[PDB]
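Below is coords13.pdb, holding PDB, C-alpha atoms and all ligand atoms.
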ATOM      1  CA  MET X   1      91.262  93.196  46.473  1.00  0.00           C
ATOM      2  CA  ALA X   2      87.885  93.471  44.750  1.00  0.00           C
ATOM      3  CA  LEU X   3      85.296  95.029  47.081  1.00  0.00           C
ATOM      4  CA  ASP X   4      86.727  98.534  47.106  1.00  0.00           C
ATOM      5  CA  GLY X   5      83.125  99.519  47.968  1.00  0.00           C
ATOM      6  CA  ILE X   6      81.684  98.283  44.677  1.00  0.00           C
ATOM      7  CA  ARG X   7      82.223  94.683  43.449  1.00  0.00           C
ATOM      8  CA  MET X   8      84.594  93.406  40.704  1.00  0.00           C
ATOM      9  CA  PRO X   9      83.706  94.287  37.008  1.00  0.00           C
ATOM     10  CA  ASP X  10      84.051  97.814  38.374  1.00  0.00           C
ATOM     11  CA  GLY X  11      85.574  96.911  41.748  1.00  0.00           C
ATOM     12  CA  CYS X  12      88.431  95.144  39.951  1.00  0.00           C
ATOM     13  CA  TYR X  13      88.235  94.870  36.133  1.00  0.00           C
ATOM     14  CA  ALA X  14      91.409  92.750  36.323  1.00  0.00           C
ATOM     15  CA  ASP X  15      94.075  95.135  37.615  1.00  0.00           C
ATOM     16  CA  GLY X  16      92.615  98.675  37.456  1.00  0.00           C
ATOM     17  CA  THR X  17      93.999  99.281  33.946  1.00  0.00           C
ATOM     18  CA  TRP X  18      92.192 101.884  31.834  1.00  0.00           C
ATOM     19  CA  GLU X  19      93.596 102.865  28.417  1.00  0.00           C
ATOM     20  CA  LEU X  20      93.671 106.651  28.055  1.00  0.00           C
ATOM     21  CA  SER X  21      92.459 107.824  24.649  1.00  0.00           C
ATOM     22  CA  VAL X  22      94.861 110.016  22.672  1.00  0.00           C
ATOM     23  CA  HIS X  23      93.597 111.955  19.652  1.00  0.00           C
ATOM     24  CA  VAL X  24      96.767 112.637  17.669  1.00  0.00           C
ATOM     25  CA  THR X  25      96.311 116.057  16.065  1.00  0.00           C
ATOM     26  CA  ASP X  26      99.624 115.858  14.169  1.00  0.00           C
ATOM     27  CA  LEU X  27      98.255 112.638  12.595  1.00  0.00           C
ATOM     28  CA  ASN X  28      94.488 113.029  13.207  1.00  0.00           C
ATOM     29  CA  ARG X  29      94.454 109.462  14.544  1.00  0.00           C
ATOM     30  CA  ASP X  30      93.305 108.149  17.907  1.00  0.00           C
ATOM     31  CA  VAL X  31      95.566 105.883  19.963  1.00  0.00           C
ATOM     32  CA  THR X  32      94.983 104.323  23.408  1.00  0.00           C
ATOM     33  CA  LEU X  33      97.683 103.518  26.014  1.00  0.00           C
ATOM     34  CA  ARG X  34      96.909 100.794  28.569  1.00  0.00           C
ATOM     35  CA  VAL X  35      97.821 102.665  31.779  1.00  0.00           C
ATOM     36  CA  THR X  36      96.686 103.103  35.383  1.00  0.00           C
ATOM     37  CA  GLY X  37      95.996 106.068  37.667  1.00  0.00           C
ATOM     38  CA  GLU X  38      99.652 106.016  38.705  1.00  0.00           C
ATOM     39  CA  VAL X  39     101.538 106.602  35.432  1.00  0.00           C
ATOM     40  CA  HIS X  40     103.398 109.906  35.097  1.00  0.00           C
ATOM     41  CA  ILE X  41     102.632 111.971  31.964  1.00  0.00           C
ATOM     42  CA  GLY X  42     106.245 111.598  30.846  1.00  0.00           C
ATOM     43  CA  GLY X  43     105.326 107.938  31.172  1.00  0.00           C
ATOM     44  CA  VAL X  44     102.626 108.227  28.482  1.00  0.00           C
ATOM     45  CA  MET X  45     104.554 110.188  25.810  1.00  0.00           C
ATOM     46  CA  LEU X  46     107.237 107.497  26.221  1.00  0.00           C
ATOM     47  CA  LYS X  47     104.950 104.510  25.460  1.00  0.00           C
ATOM     48  CA  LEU X  48     102.937 106.225  22.691  1.00  0.00           C
ATOM     49  CA  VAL X  49     106.238 107.051  20.938  1.00  0.00           C
ATOM     50  CA  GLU X  50     107.720 103.579  21.637  1.00  0.00           C
ATOM     51  CA  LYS X  51     104.862 102.200  19.533  1.00  0.00           C
ATOM     52  CA  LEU X  52     105.847 104.663  16.802  1.00  0.00           C
ATOM     53  CA  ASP X  53     109.574 103.856  16.636  1.00  0.00           C
ATOM     54  CA  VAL X  54     110.818 106.328  14.051  1.00  0.00           C
ATOM     55  CA  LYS X  55     112.880 109.538  13.766  1.00  0.00           C
ATOM     56  CA  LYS X  56     109.479 111.281  13.619  1.00  0.00           C
ATOM     57  CA  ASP X  57     108.667 114.438  15.621  1.00  0.00           C
ATOM     58  CA  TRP X  58     109.513 113.060  19.100  1.00  0.00           C
ATOM     59  CA  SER X  59     110.338 116.417  20.766  1.00  0.00           C
ATOM     60  CA  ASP X  60     107.197 117.980  19.264  1.00  0.00           C
ATOM     61  CA  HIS X  61     105.376 115.428  21.468  1.00  0.00           C
ATOM     62  CA  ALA X  62     103.412 116.391  24.586  1.00  0.00           C
ATOM     63  CA  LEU X  63      99.901 115.595  25.927  1.00  0.00           C
ATOM     64  CA  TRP X  64      97.276 118.337  26.429  1.00  0.00           C
ATOM     65  CA  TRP X  65      93.861 118.109  28.200  1.00  0.00           C
ATOM     66  CA  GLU X  66      91.273 119.908  26.021  1.00  0.00           C
ATOM     67  CA  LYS X  67      88.823 119.576  28.917  1.00  0.00           C
ATOM     68  CA  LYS X  68      91.307 122.029  30.434  1.00  0.00           C
ATOM     69  CA  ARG X  69      93.106 123.306  27.311  1.00  0.00           C
ATOM     70  CA  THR X  70      96.322 122.737  29.284  1.00  0.00           C
ATOM     71  CA  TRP X  71      99.727 121.214  28.531  1.00  0.00           C
ATOM     72  CA  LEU X  72     100.265 118.093  30.582  1.00  0.00           C
ATOM     73  CA  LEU X  73     103.863 118.811  31.595  1.00  0.00           C
ATOM     74  CA  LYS X  74     103.454 117.930  35.308  1.00  0.00           C
ATOM     75  CA  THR X  75     105.595 114.757  35.331  1.00  0.00           C
ATOM     76  CA  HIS X  76     105.527 115.087  39.141  1.00  0.00           C
ATOM     77  CA  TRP X  77     101.776 114.545  39.585  1.00  0.00           C
ATOM     78  CA  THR X  78      99.909 111.662  37.899  1.00  0.00           C
ATOM     79  CA  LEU X  79      96.500 111.021  36.319  1.00  0.00           C
ATOM     80  CA  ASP X  80      94.734 110.382  39.615  1.00  0.00           C
ATOM     81  CA  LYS X  81      96.344 113.461  41.149  1.00  0.00           C
ATOM     82  CA  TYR X  82      94.706 115.711  38.559  1.00  0.00           C
ATOM     83  CA  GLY X  83      91.660 113.397  38.112  1.00  0.00           C
ATOM     84  CA  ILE X  84      92.345 112.226  34.558  1.00  0.00           C
ATOM     85  CA  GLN X  85      90.952 108.821  33.557  1.00  0.00           C
ATOM     86  CA  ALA X  86      89.444 106.915  30.608  1.00  0.00           C
ATOM     87  CA  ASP X  87      86.578 109.419  30.440  1.00  0.00           C
ATOM     88  CA  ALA X  88      89.253 112.045  29.759  1.00  0.00           C
ATOM     89  CA  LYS X  89      90.405 112.032  26.099  1.00  0.00           C
ATOM     90  CA  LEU X  90      93.881 113.527  25.704  1.00  0.00           C
ATOM     91  CA  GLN X  91      95.704 114.420  22.465  1.00  0.00           C
ATOM     92  CA  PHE X  92      99.329 113.899  21.296  1.00  0.00           C
ATOM     93  CA  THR X  93     100.638 117.227  19.969  1.00  0.00           C
ATOM     94  CA  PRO X  94     103.541 119.615  20.840  1.00  0.00           C
TER      95      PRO X  94
ATOM     96  CA  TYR H 541     142.312 118.306  -2.101  1.00  0.00           C
ATOM     97  CA  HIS H 542     142.386 120.568   0.976  1.00  0.00           C
ATOM     98  CA  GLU H 543     144.023 119.291   4.204  1.00  0.00           C
ATOM     99  CA  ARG H 544     141.539 120.300   6.937  1.00  0.00           C
ATOM    100  CA  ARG H 545     140.813 116.902   8.560  1.00  0.00           C
ATOM    101  CA  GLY H 546     138.832 116.268  11.781  1.00  0.00           C
ATOM    102  CA  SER H 547     138.080 112.904  13.430  1.00  0.00           C
ATOM    103  CA  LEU H 548     136.550 109.767  11.897  1.00  0.00           C
ATOM    104  CA  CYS H 549     133.212 108.921  13.523  1.00  0.00           C
ATOM    105  CA  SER H 550     133.856 105.342  14.605  1.00  0.00           C
ATOM    106  CA  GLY H 551     131.143 103.212  13.020  1.00  0.00           C
ATOM    107  CA  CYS H 552     130.950 105.635  10.114  1.00  0.00           C
ATOM    108  CA  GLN H 553     134.690 106.104   9.659  1.00  0.00           C
ATOM    109  CA  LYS H 554     134.268 109.549   8.130  1.00  0.00           C
ATOM    110  CA  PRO H 555     136.142 112.642   9.525  1.00  0.00           C
ATOM    111  CA  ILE H 556     134.051 114.680  11.959  1.00  0.00           C
ATOM    112  CA  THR H 557     134.531 118.303  10.787  1.00  0.00           C
ATOM    113  CA  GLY H 558     132.853 120.560  13.363  1.00  0.00           C
ATOM    114  CA  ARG H 559     132.072 119.076  16.788  1.00  0.00           C
ATOM    115  CA  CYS H 560     133.159 115.598  17.921  1.00  0.00           C
ATOM    116  CA  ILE H 561     131.994 113.411  20.774  1.00  0.00           C
ATOM    117  CA  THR H 562     134.427 110.942  22.308  1.00  0.00           C
ATOM    118  CA  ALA H 563     133.639 107.585  23.884  1.00  0.00           C
ATOM    119  CA  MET H 564     135.875 104.697  24.972  1.00  0.00           C
ATOM    120  CA  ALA H 565     138.442 106.717  22.982  1.00  0.00           C
ATOM    121  CA  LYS H 566     136.304 106.379  19.865  1.00  0.00           C
ATOM    122  CA  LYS H 567     134.869 109.485  18.174  1.00  0.00           C
ATOM    123  CA  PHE H 568     131.252 109.944  17.066  1.00  0.00           C
ATOM    124  CA  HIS H 569     129.316 112.197  14.718  1.00  0.00           C
ATOM    125  CA  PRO H 570     127.793 114.525  17.374  1.00  0.00           C
ATOM    126  CA  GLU H 571     124.573 113.679  15.483  1.00  0.00           C
ATOM    127  CA  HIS H 572     124.737 109.893  15.025  1.00  0.00           C
ATOM    128  CA  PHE H 573     124.995 109.927  18.849  1.00  0.00           C
ATOM    129  CA  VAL H 574     121.992 112.123  19.753  1.00  0.00           C
ATOM    130  CA  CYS H 575     119.347 111.733  22.506  1.00  0.00           C
ATOM    131  CA  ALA H 576     116.259 109.690  21.577  1.00  0.00           C
ATOM    132  CA  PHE H 577     113.613 112.350  22.453  1.00  0.00           C
ATOM    133  CA  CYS H 578     114.877 115.200  20.350  1.00  0.00           C
ATOM    134  CA  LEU H 579     117.226 113.345  18.006  1.00  0.00           C
ATOM    135  CA  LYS H 580     118.910 116.689  17.059  1.00  0.00           C
ATOM    136  CA  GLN H 581     121.748 116.843  19.659  1.00  0.00           C
ATOM    137  CA  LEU H 582     123.252 115.095  22.703  1.00  0.00           C
ATOM    138  CA  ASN H 583     126.523 115.443  24.676  1.00  0.00           C
ATOM    139  CA  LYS H 584     128.568 112.733  26.425  1.00  0.00           C
ATOM    140  CA  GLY H 585     128.599 115.262  29.269  1.00  0.00           C
ATOM    141  CA  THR H 586     124.800 115.313  29.427  1.00  0.00           C
ATOM    142  CA  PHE H 587     123.996 111.997  27.720  1.00  0.00           C
ATOM    143  CA  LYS H 588     121.443 110.112  29.835  1.00  0.00           C
ATOM    144  CA  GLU H 589     120.063 106.677  28.898  1.00  0.00           C
ATOM    145  CA  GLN H 590     117.522 104.045  29.875  1.00  0.00           C
ATOM    146  CA  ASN H 591     116.624 100.699  28.294  1.00  0.00           C
ATOM    147  CA  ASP H 592     119.713 101.465  26.067  1.00  0.00           C
ATOM    148  CA  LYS H 593     117.945 104.448  24.468  1.00  0.00           C
ATOM    149  CA  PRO H 594     120.105 107.654  24.668  1.00  0.00           C
ATOM    150  CA  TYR H 595     118.472 110.743  26.233  1.00  0.00           C
ATOM    151  CA  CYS H 596     119.357 114.245  27.412  1.00  0.00           C
ATOM    152  CA  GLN H 597     118.876 114.403  31.159  1.00  0.00           C
ATOM    153  CA  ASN H 598     116.157 117.043  30.705  1.00  0.00           C
ATOM    154  CA  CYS H 599     114.653 114.499  28.300  1.00  0.00           C
ATOM    155  CA  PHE H 600     115.069 111.241  30.283  1.00  0.00           C
ATOM    156  CA  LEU H 601     114.306 112.918  33.624  1.00  0.00           C
ATOM    157  CA  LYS H 602     111.085 114.216  32.051  1.00  0.00           C
ATOM    158  CA  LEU H 603     110.124 110.532  31.591  1.00  0.00           C
ATOM    159  CA  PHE H 604     111.116 108.800  34.888  1.00  0.00           C
ATOM    160  CA  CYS H 605     112.768 111.684  36.830  1.00  0.00           C
TER     161      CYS H 605
HETATM  162 ZN    ZN X 701     128.684 108.659  12.237  1.00  0.00          ZN
HETATM  163 ZN    ZN X 702     116.962 115.240  24.207  1.00  0.00          ZN
END
Could I get this file's structure written as structure tokens?
Amino acid sequence: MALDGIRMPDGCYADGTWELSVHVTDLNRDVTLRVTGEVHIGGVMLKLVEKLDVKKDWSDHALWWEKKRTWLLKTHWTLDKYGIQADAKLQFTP
Amino acid sequence: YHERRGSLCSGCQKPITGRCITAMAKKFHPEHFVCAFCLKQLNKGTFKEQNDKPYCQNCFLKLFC
């Protein structure tokens, strides 16, 4: 709806889409993927690569959470599950 | 001028000397028919796909499971 307990700019935004930041360490760039708190990690590496479109290092691709120094390989859980969001900047490296 | 042949990779039409994948009866360079995650190797026995993009199951499953 919109209420959600807040209002709309924050109680809606438009659809609850927040692009997750991705600091590519293998490129040193920073990309953002328009996602929601329901996309599986394996869902992010897919899109980010889709934008690439090249026989580049695709297997050497995996997201890590420096706020946790982890390796986001839990395709079962999601962002919300762990608590990730736009305030969480991930990276795209092996 | 040896004689060791193999199997032309349909689409490439060049003998496949080593490993050879088979399709609708066509052959394929085990490489030119890899998974699009880790483009190094795929197998018609474990070749998964989505949106037309090849994938190893372990690769595709990792995406949508
Ligand atoms: Zn070929
Ligand atoms: Zn693969």
At most 12 Å to chain X: residues in chain H, all atoms listed in the file, as a ChimeraX atom specification: /H:572,574-581,590-591,593,595-596,598-605
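Once only C-alpha atoms and all ligand atoms are used for the distance check, the residues close to ligand ZN 701 (chain X) at 10 Å turn out to be residues 548, 549, 550, 551, 552, 553, 554, 555, 556, 567, 568, 569, 570, 571, 572 and 573 of chain H.
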I need the residues from that last selection saved to file as a compact mmCIF listing (two decimals), in the coordinates of the input (with C-alpha atoms), if you can.
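To be explicit, this is the file written out as part.txt:
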# COMPACT_ATOMS: atom_id res chain seq x y z
CA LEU H 548 136.55 109.77 11.90
CA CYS H 549 133.21 108.92 13.52
CA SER H 550 133.86 105.34 14.60
CA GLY H 551 131.14 103.21 13.02
CA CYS H 552 130.95 105.64 10.11
CA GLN H 553 134.69 106.10 9.66
CA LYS H 554 134.27 109.55 8.13
CA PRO H 555 136.14 112.64 9.52
CA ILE H 556 134.05 114.68 11.96
CA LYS H 567 134.87 109.48 18.17
CA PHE H 568 131.25 109.94 17.07
CA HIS H 569 129.32 112.20 14.72
CA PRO H 570 127.79 114.52 17.37
CA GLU H 571 124.57 113.68 15.48
CA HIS H 572 124.74 109.89 15.02
CA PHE H 573 125.00 109.93 18.85
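Between atom CA of residue 27 of chain X and atom CA of residue 83 of chain X there is a distance of 26.4 Å.
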Within 8 Å of residue 586 of chain H, counting only C-alpha atoms, which residues qualify if same-chain residues fewer than 3 places away don't, as a ChimeraX atom specification? /H:582-583,596-597
Using the selection just defined, write its residues with C-alpha atoms as a short mmCIF file (atom, residue, chain, number, x, y, z; two decimals), in the coordinates of the input.
data_model
loop_
_atom_site.label_atom_id
_atom_site.label_comp_id
_atom_site.auth_asym_id
_atom_site.auth_seq_id
_atom_site.Cartn_x
_atom_site.Cartn_y
_atom_site.Cartn_z
CA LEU H 582 123.25 115.10 22.70
CA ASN H 583 126.52 115.44 24.68
CA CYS H 596 119.36 114.24 27.41
CA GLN H 597 118.88 114.40 31.16
#
Please enumerate the residues selected by the PyMOL selection byres (((chain X and resi 15) around 12) and not hetatm) when evaluated against the supplied file, formatted as a ChimeraX atom specification. /X:1-2,8-14,16-18,34-37
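The two atoms in question, atom CA of residue 51 of chain X and atom CA of residue 71 of chain X, are spaced 21.7 Å apart.
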Can you report as lines of an AutoDock Vina configuration file the centre and edge lengths in Å, to one decimal, of an axis-aligned box around the listed atoms of segment 585-603 of chain H padded with 8 Å on each side?
center_x = 119.4
center_y = 108.9
center_z = 29.0
size_x = 34.5
size_y = 32.3
size_z = 25.2
Could you work out how far atom CA of residue 80 of chain X lies from atom CA of residue 31 of chain X, giving the answer in Å with one decimal? 20.2 Å
Written as an MDAnalysis selection string, what is the full residue list that the PyMOL selection byres (((chain X and resi 89-91) around 10) and not hetatm) yields on the file shown? chainID X and resid 19:26 28:32 61:67 69 71:72 84:88 92:94
